[PDB]
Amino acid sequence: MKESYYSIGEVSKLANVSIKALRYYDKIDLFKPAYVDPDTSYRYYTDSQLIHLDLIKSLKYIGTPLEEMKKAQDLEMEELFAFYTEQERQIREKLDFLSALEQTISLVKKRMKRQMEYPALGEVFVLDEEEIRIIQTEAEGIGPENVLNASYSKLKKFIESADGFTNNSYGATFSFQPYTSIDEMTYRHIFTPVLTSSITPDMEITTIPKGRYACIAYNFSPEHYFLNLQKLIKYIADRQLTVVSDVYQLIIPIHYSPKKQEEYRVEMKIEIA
């Protein structure tokens, strides 16, 4: 019937925008009071131009940046359409990522869980397992009393570029033999399990196949280690069982605290038939 005018404070109530976001939009010339009373010299918003806030508010909401808010501003139906197909494209990445992290977190937990719900601790059992993909490298010379955390550098600067996470555990293998002394053993390999390219030759992506495994788990102590190994041996022996794998070792910290003492969780598997 006639044009209606509103003050910045009045537009802030109609639209649900702060009278601060309003000036910001005016200053970067995204939304400007279309009118200016010559007497007061104050600027008034026009009822007509409000419609323009609709786009600005939906875009802000989806976190769209400035220079795309101005770009989309001049797009008519068709273009503006492909504009969103481009937004649903960007939200997806954000979506697949969070959906990715989510798995690598439930995955990290299924493992912490088992550890916690161990049938018996420091005893031997035969449970079936599954294909645990692993990145491996050679533990040349390094043994159960030689390995360093830095021995697993390269292996971890990988699990990260795939999982972003580091490694749940520190793996290592060795031949199943009837050892008598600790210095009788040397690691064949050292590995870290993968949770999900340009892998260098000195490394091998492989796995810990599935089947029956004779495992024993216990919380570390510089002396339960060997004893527990032997007892796995013996168990396998007292059953006349056919071992078809190296011995798999998985150390994993109970906590990552500076205040307290080093505390690890050890588990040793051997695929038996």
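Position 1 is the first residue in the sequence shown; the rest follow in order.
> How big is the unmodelled gap, if any, between residue 166 and residue 167 relative to the deposited sequence? Choose none, 1 to 3, 4 to 9, or 10 or more.
In the record, the chain runs straight from residue 166 to residue 167 with none unmodelled.
> Do the CA atoms of 158-166 or those of 139-147 have the higher mean B-factor in the entry?
Comparing averages over the C-alpha atoms only gives 158-166.
> If you average the CA temperature factors over each stretch, which comes out higher, 38-46 or 51-59?
Between 38-46 and 51-59, it is 38-46.
> Of the choices 192, 181, 173, 73, which one's C-alpha carries the largest B-factor in the record?
It is 181.
> Please rank the C-alpha B-factors of the chain's modelled residues and tell me whether residue 27 sits in the lowest, middle or highest third.
Middle third - that is where residue 27 ends up once the chain's C-alpha B-factors are sorted.
> Could you say whether, by C-alpha temperature factor, residue 118 belongs to the lowest, middle or highest third of its chain?
Residue 118: CA B-factor falls in the highest third of its chain.
> Which third of the chain does residue 65 land in by C-alpha B-factor: lowest, middle or highest?
Its C-alpha B-factor, which the entry lists for residue 65, ranks in the middle third among residues of this chain.
> Ranked by Cα temperature factor within the chain, is residue 33 in the lowest third, the middle third or the highest third?
Its C-alpha B-factor, which the entry lists for residue 33, ranks in the lowest third among residues of this chain.
> By its CA B factor, does residue 77 count among the lowest, middle or highest third of the modelled residues in the chain?
Its C-alpha B-factor, which the entry lists for residue 77, ranks in the highest third among residues of this chain.
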